[PDB]
Structures are given as structure tokens and as C-alpha cells.
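Structural features, examined
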Amino acid sequence: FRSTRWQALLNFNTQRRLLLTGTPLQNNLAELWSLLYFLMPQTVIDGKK
DNA sequence: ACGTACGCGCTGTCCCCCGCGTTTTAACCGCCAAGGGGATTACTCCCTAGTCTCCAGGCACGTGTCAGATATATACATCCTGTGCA
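All right, on to the protein's contact with DNA strand B then. Neighbouring DNA strand B are the residues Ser 3, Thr 4 and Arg 5. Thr 4 places a polar side-chain atom, nitrogen or oxygen, 2.9 Å from a phosphate oxygen of DNA strand B. Between a phosphate oxygen of DNA strand B and a side-chain N or O atom of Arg 5, the distance comes to 2.8 Å.

Looking now at the packing of aromatic side chains. Per the counting criterion, the structure on display carries three aromatic pairs. When the centroid spacing of 6.3 Å and the interplanar angle of 75° are considered together, the rings of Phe 1 and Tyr 37 count as edge-to-face. Taken together, the residues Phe 1 in the segment before α1 (4-8) and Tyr 37 in helix α2 (residues 29-39) connect sequence positions 36 residues apart. Overall, the relative accessible area of 56% leaves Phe 1 in the exposed class. Taking the centre distance of 5.2 Å and the plane angle of 50° together, the rings of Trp 6 and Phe 38 count as tilted. One end of the pair, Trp 6, is in helix α1; the other, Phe 38, is in helix α2, and 32 residues separate them in sequence. Both residues of the pair, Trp 6 and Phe 38, belong to the buried class. Aromatic rings pair up to connect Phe 1, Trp 6, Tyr 37 and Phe 38 into one cluster. One cation-aromatic arrangement involves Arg 17 over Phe 38; the distance from NZ or CZ to the ring centre is 6.0 Å.

Cut-offs and rules
Residues numbered from 1 in each chain as written, not as in the entry; some residues may be left out. Chains lettered and ligands numbered in written order. Part of a larger assembly, values for the part shown. Heavy atoms only, no water. Residues with missing side-chain atoms left out of burial classes, pairs and counts. Near = heavy atom within 4 Å. Polar contact = N/O pair within 3.5 Å; in protein donor to acceptor, adjacent residues only side chain to side chain. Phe/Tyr/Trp six-rings, centres within 6.5 Å; stacked < 30°, edge-to-face > 60°. Helix = DSSP H or I, 4+ residues; strand = E, 2+ residues; numbered from the N terminus. Buried < 20%, exposed > 50% of the residue type's maximum accessible area, 1.4 Å probe, protein only. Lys NZ or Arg CZ within 6 Å of the ring centre and 35° of its normal.

Function cannot be read off these values alone, since they describe shape.
Have a look at this one:
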């Protein structure tokens, strides 16, 4: 979440997003929730609830 | 008025840094998070000098005196002139 290419690619003009990855990690929910943030900006910052 | 010789114009030389293509490295980012000490703000004593004060004294000023420069007697000192001679 704290990288520069995070906010560098967020403000682009698009109507759809598609993420192509092999497999994410099971634990460490901050990066899974971060991929949920980059999917669409509707998720709140609470991942511990 | 003279003069002469160096600034200037011209010509030949050669060489050295610019233009461009190819090689190599400095720095920003991702990871992966932590602390750290030094100016800042606030507070709290504490004691050195401003201010007032009076007592003393010392360097600018006036005068004494020698150092150095100056103008003038002076004892010889070199031409000139009578002057006597062989």
C-alpha cells in the first residue's frame, strides 16, 4: 500500500480493472486487503474486524 | 626634427577539442521497519553591572635646552706689480 506505483496507477481513466496474478499469500491480510483496495476503492481500511 | 622598430597585416602550419556513437556507473525504488539526539518552549533562580555618588590624578599644554643648519672672521694662498739686478 505504501509504494509509489500504488498511487501512480490509481488515478488513471478506466471503467474496468483486471488483475492477473499467480497466487497471493494466505496470512498477512494487509496485502490481500490491498489487492481488494486496488480492485475497487469501496473497501474501508478496517481489516481487523 | 629625426628615427626606428614594434603593432599590425598577411600567410602557412598543425593539432586539439567538438560532434557523435558506444560503454559504464549513480541514483531511485521495494523489502522491511525501527529509534535518536538536538534545537524548542517553558520555568526558575542569582548575581554583574547601570546608576548615583565622591575622591583623586595625568596627559595636553607651556617652557628649557641642545642638535642641526647657517652666515661670517681669518690665516694663509695664488696672480699681479713694482723693482732692482748682470
